Participant: 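Following this message is one structure expressed as structure tokens.
If you read the sequence from its start, that first residue is 1, and numbering goes on from there.
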Amino acid sequence: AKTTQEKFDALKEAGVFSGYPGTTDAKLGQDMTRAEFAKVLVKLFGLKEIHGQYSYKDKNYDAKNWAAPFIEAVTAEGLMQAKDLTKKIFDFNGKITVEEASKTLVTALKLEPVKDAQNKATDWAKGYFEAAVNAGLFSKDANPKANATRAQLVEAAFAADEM
Ligand SMILES: CO[C@@H]1O[C@@H]2CO[C@](C)(C(=O)O)O[C@H]2[C@H](O)[C@@H]1NC(C)=O
């Protein structure tokens with residue numbers, strides 16, 4: 001019965017979340033960005049931020065971009081990668097679908113995708129979305145093809161942290 005905001009507040013006490021500068025609004029109903037998901041992965045899984053390195057050519061991907069040390073850490077692990085692998089564009093403000101987040105979290109948690117799963121996800125992601133639902137990361141009624149909200153990543157992170 002813990003509310004999503006209560007889960008956010010617990011995770012903020014734990015250092016996994018921090019919210020936005022200068023405001024207490026967690027913006028739980030907005031879509032999470034790729035940069036924000038990289039940060040949460042680093043904190044959840046005990047990865048080390050990598051400073052001073054820039055693998056991507058996106059505009060404003062530089063030392064003034066708060067998310068670069070997190071993005072570099074998850075990139076070096078193979079947990080995330082460029083949206084355009086040839087042009088080296090990460091798309092840091094881009095969105096992330098439920099099924100994409102499922103793949104990444106299941107991998108990071110060392111969970112195994114379910115073979116021969118039947119669900120609404122894209123074919124390549126069905127096993128991962130099923131594993132994520134079975135592990136309590138996302139609701140069985142989540143739309144795997146929709147962009148994941150910050151709320152959903154709070155719920156997922158809270159569940160992953162408890163594991
Ligand atoms: C713009 O500042 C960032 O905001 C990010 C929002 O999303 C998450 C995942 C969060 O912890 O809520 O990450 C935040 C970044 O850490 C950063 N916030 C701060 C306070 O520096």
Side-chain angles (χ1 to χ4, degrees), residues 4 7-111 113 121-122 124-125 128-129 131-132 135 137-138 142-163:
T4 307
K7 291 179 179 179
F8 174 96
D9 290 347
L11 287 163
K12 179 167 178 188
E13 287 304 323
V16 175
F17 284 77
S18 74
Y20 299 87
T23 177
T24 52
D25 186 356
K27 311 186 188 181
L28 295 169
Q30 70 178 38
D31 294 347
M32 191 172 272
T33 69
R34 287 165 56 70
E36 289 170 354
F37 184 56
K39 193 293 285 267
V40 171
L41 289 169
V42 167
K43 293 298 185 182
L44 276 176
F45 295 103
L47 310 179
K48 291 256 205 112
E49 287 172 40
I50 300 175
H51 293 272
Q53 177 170 299
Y54 307 95
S55 301
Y56 299 107
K57 297 178 171 185
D58 306 50
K59 197 185 347 308
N60 302 312
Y61 187 82
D62 54 44
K64 287 303 297 164
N65 187 321
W66 66 268
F70 305 99
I71 292 167
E72 294 299 317
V74 297
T75 286
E77 294 299 356
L79 290 167
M80 301 183 77
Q81 65 192 29
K83 278 281 163 187
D84 187 322
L85 297 159
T86 295
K87 292 186 191 265
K88 306 184 189 296
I89 299 296
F90 188 77
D91 193 12
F92 55 79
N93 284 327
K95 302 182 183 212
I96 186 154
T97 62
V98 171
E99 69 191 3
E100 289 170 325
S102 297
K103 165 68 178 67
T104 302
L105 290 165
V106 164
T107 294
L109 284 162
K110 307 180 190 186
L111 294 165
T122 312
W124 67 267
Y128 296 103
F129 180 57
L137 302 180
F138 295 105
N143 183 350
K145 291 181 184 176
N147 294 335
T149 62
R150 290 173 54 81
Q152 285 177 302
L153 268 306
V154 167
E155 290 285 339
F158 189 85
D161 183 276
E162 312 318 280
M163 288 169 225

Participant: Suppose we screen for salt bridge (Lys or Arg N to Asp or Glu O under 4.0 Å). Which residues come up paired with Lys95, at least two apart in sequence or across chains?
Facilitator: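 Scan of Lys95 (salt bridge (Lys or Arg N to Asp or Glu O under 4.0 Å), adjacent residues dropped) gives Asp31.
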Participant: Hey, what do you get for CG (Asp58) to CZ (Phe92), rounding to the nearest 0.5 Å?
Facilitator: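 Taking CG in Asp58 and CZ in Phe92, the distance rounds to 5.5 Å.
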Participant: Mind checking side chain to side chain contact (heavy atoms under 4.5 Å, CB included) for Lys43 and listing every partner two or more places apart, or none if nothing turns up?
Facilitator: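 By the side chain to side chain contact (heavy atoms under 4.5 Å, CB included) rule, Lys43 matches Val16, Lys39, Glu49, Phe70.
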Participant: For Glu36 and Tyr20, which heavy atoms make the closest approach, and how far apart are they?
Facilitator: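 Looks like OE2-OH, 2.7 Å.
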Participant: Look up atom CD1 in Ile96 and atom OG1 in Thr149, then write down how far apart they are to the nearest 0.5 Å.
Facilitator: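 With rounding to 0.5 Å, CD1 (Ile96) is 12.0 Å from OG1 (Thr149).
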Participant: Hey, does the side chain of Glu99 reach the backbone of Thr122 with a donor-acceptor pair shorter than 3.5 angstrom?
Facilitator: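 Such a contact is found between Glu99 side chain and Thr122 backbone.
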Participant: Grab the two heavy atoms, one from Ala67 and one from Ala35, that are nearest each other, plus how far apart they are.
Facilitator: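 Shortest heavy-atom separation between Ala67 and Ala35 comes out as CB-CB, 3.5 Å.
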Participant: Under a 4.5 Å cut-off applied to non-hydrogen side-chain atoms, are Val98 and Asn143 in contact?
Facilitator: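 A side-chain contact is absent here, since even the closest heavy-atom pair is not under 4.5 Å.
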Participant: Who pairs with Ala10 by side chain to side chain contact (heavy atoms under 4.5 Å, CB included), at least two apart in sequence or on another chain?
Facilitator: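 Expected list: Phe158.
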Participant: Run through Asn65, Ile89, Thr75, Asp62 and flag the one making a side-chain contact (heavy atoms from CB on, under 4.5 Å) with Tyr56.
Facilitator: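 It is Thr75; the other options fail the test.
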Participant: For residues 81-91, which residue pairs qualify under side chain to side chain donor-acceptor pair (under 3.5 Å), counting only residues two or more places apart or in two chains?
Facilitator: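 Counting only pairs at least two positions apart or across chains, the side chain to side chain donor-acceptor pair (under 3.5 Å) contacts touching residues 81-91 are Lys83-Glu100.
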Participant: Nearest 0.5 Å please: distance from the CG atom of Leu79 over to the CZ atom of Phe45.
Facilitator: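 Here the interatomic distance stands at 8.0 Å.
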Participant: If you take all heavy atoms of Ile50 and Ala73, which pair is closest and at what distance?
Facilitator: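 Looking at all heavy atoms of both residues, the shortest contact is CD1-CA, 3.9 Å.
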Participant: Using the salt bridge (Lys or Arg N to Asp or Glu O under 4.0 Å) criterion, which residues pair with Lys7? Sequence neighbours excluded.
Facilitator: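 With neighbours one apart ignored, the set is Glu155.
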Participant: Is there a side-chain contact between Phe138 and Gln152 (heavy atoms, below 4.5 Å)?
Facilitator: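 In contact.
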Participant: How long is the span from the CZ atom in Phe129 to the OG atom in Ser102, to the nearest 0.5 Å?
Facilitator: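 Between atom CZ of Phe129 and atom OG of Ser102 there are 6.0 Å.
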Participant: Test of understanding: with side chain to side chain donor-acceptor pair (under 3.5 Å), list the residues that count as partners of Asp9, not counting sequence neighbours.
Facilitator: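 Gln5.
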Participant: Does some side-chain heavy atom of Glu77 sit less than 4.5 Å from a side-chain heavy atom of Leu41?
Facilitator: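 No, too far: nothing below the 4.5 Å cut-off.
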Participant: Just how far is it from atom CH2 of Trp124 to atom NZ of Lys103, taken to the nearest 0.5 Å?
Facilitator: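 Those atoms lie 7.0 Å apart.
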Participant: Would you sort out whether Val40 and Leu11 count as a side chain to side chain contact (heavy atoms under 4.5 Å, CB included), showing the intermediate values?
Facilitator: CA-CA 10 Å; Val40 171; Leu11 287 163; over 6 Å; no
Participant: In terms of relative ring orientation, are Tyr54 and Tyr61 parallel, tilted or perpendicular, with 30° and 60° separating the classes?
Facilitator: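 Ring orientation of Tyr54 relative to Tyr61: perpendicular.
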Participant: Quick one: OG1 on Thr104 to CZ on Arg34, what's the gap to the nearest 0.5 Å?
Facilitator: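 The OG1 atom of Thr104 sits 9.0 Å away from the CZ atom of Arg34.
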Participant: Give a yes or no answer on whether the side chain of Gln30 reaches the backbone of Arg150 with a donor-acceptor pair at less than 3.5 Å.
Facilitator: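 No; zero donor-acceptor contacts below 3.5 Å.
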Participant: Could you check whether any side-chain heavy atom of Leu153 comes within less than 4.5 Å of a side-chain heavy atom of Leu105, counting everything from C-beta outward?
Facilitator: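 Side-chain contact under 4.5 Å: yes.
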